[PDB]
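Chain residues, written in single-letter form:
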Amino acid sequence: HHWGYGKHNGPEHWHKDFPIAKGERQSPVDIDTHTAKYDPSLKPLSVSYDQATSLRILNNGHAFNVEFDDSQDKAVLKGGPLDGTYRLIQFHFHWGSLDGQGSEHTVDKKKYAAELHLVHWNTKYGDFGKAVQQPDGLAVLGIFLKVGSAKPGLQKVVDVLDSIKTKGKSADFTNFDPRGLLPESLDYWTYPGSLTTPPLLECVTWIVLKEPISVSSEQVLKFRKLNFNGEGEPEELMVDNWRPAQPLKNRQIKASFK
Ligand SMILES: COC(=O)c1ccc(Cl)c(S(N)(=O)=O)c1
Ligand code: NA
Ligand SMILES: [Zn+2]
């Protein structure tokens, strides 16, 4: 009876295994655009993904991760609200059973069809597993997906998904360029938060881009053909793998713009 996204093991249940679920800086949150504070001292985000080395794509039973070689400073996030340098380790998405839901963060209560998370760890902690035990260990760049025109830089990911349909399947996945997943603007909101999945550790500086990317209905349909179950088990489509918005509590969301 491990955690997941069903009636009996989904978000409302996670606090029994992971009591920090009811903690003081949980994510995601609703971003109330009117009450976010513009902070003119926030720096432009620096996304340096030119030397990124993707290695592999994995169905982990909750999402799929595209993993990167994070053993050198090849794909790094810095600037923005951050002090220091954070290395990209993986990205993944959360998405819905329908186009009207799927994102974890919301914007004035609006749900997007999906949300991309590019996960980075602070180099001062040497690796991801040590970083997650620190309050400034991770920086996650969140990007909303709306359904409309296709995102051409996504199609390499969608095309490989049939090879990793079930939990535990992986495939080599080299030379994927995550710059093809970015919107034109790097304007962002930022706040301190947590992992959105167990163990829900309070180690994340969230950086959520204002501008969504558009993906086609065919692209998101392929995400919904994935399976949360392993091969040889009854089919449970991997859909609605999102945690709802959690209480803001004693936090202020900052804007880099307007
Ligand atoms: C199964 O998802 C994860 O274990 C996981 C690990 C790291 C992070 Cl930062 C995230 S998320 N959704 O980006 O907060 C998710
Ligand atoms: Na395919
Ligand atoms: Zn995520």
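Here is what the cut-offs are and how they apply
- Residues numbered from 1 in each chain as written, not as in the entry; some residues may be left out.
- Chains lettered and ligands numbered in written order.
- Heavy atoms only, no water.
- Residues with missing side-chain atoms left out of burial classes, pairs and counts.
- UniProt positions renumbered as here; feature names shortened; annotations may be inferred.
- Donors = N, O, S within 2.8 Å, 3.2 Å for Na, K, Ca; no water.
- Buried < 20%, exposed > 50% of the residue type's maximum accessible area, 1.4 Å probe, protein only.
- Tetrahedral: all angles 85-135°; square planar, octahedral: opposite > 155°, others 65-115°.
- Helix = DSSP H or I, 4+ residues; strand = E, 2+ residues; numbered from the N terminus.

The name the PDB entry gives the chain is Carbonic anhydrase 2, with Homo sapiens as the organism. The record for the entry shows the title "Crystal structure of carbonic anhydrase II with methyl 4-chloro-3-sulfamoyl-benzoate". Of the comments in the UniProt record for the chain, the one headed Subunit (literature references left out) reads "Interacts with SLC4A4. Interaction with SLC4A7 regulates SLC4A7 transporter activity. Interacts with SLC26A6 isoform 4 (via C-terminus cytoplasmic domain)." What the UniProt record of the chain gives under Sequence similarities is the line "Belongs to the alpha-carbonic anhydrase family."

A. Region of interest: the coordination of the sodium ion (ligand 2). Donor atoms from the polypeptide that bind the sodium ion (ligand 2) are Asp159 (O) and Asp162 (OD), placed at 2.3 to 2.6 Å. Residue class for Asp162 comes out exposed when judged on its relative accessible area of 63%.

B. Up close: the coordination of the zinc ion (ligand 3). For the zinc ion (ligand 3), every protein donor is listed as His92 (NE2), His94 (NE2) and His117 (ND1), and the spread of their distances is 1.9 to 2.1 Å. Around the zinc ion (ligand 3) sit 4 donor atoms; with metal-centred angles ranging over 99 to 115°, the donor geometry is tetrahedral. Mapped onto the sequence, the residues coordinating the zinc ion (ligand 3) show the spacing H-x1-H-x22-H. Of this pair, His92 sits in strand β7 (residues 86-95) while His117 sits in strand β9 (residues 114-122), and the two are 25 residues apart along the sequence.

C. Broad picture of the UniProt feature "domain: Alpha-carbonic anhydrase" in the chain. This chain's UniProt record puts "domain: Alpha-carbonic anhydrase" on residues 1-257. Annotated as residues 1-257, this span is 8% helix and 29% strand, and its ends, taken at the C-alpha atoms, are 44 Å apart.

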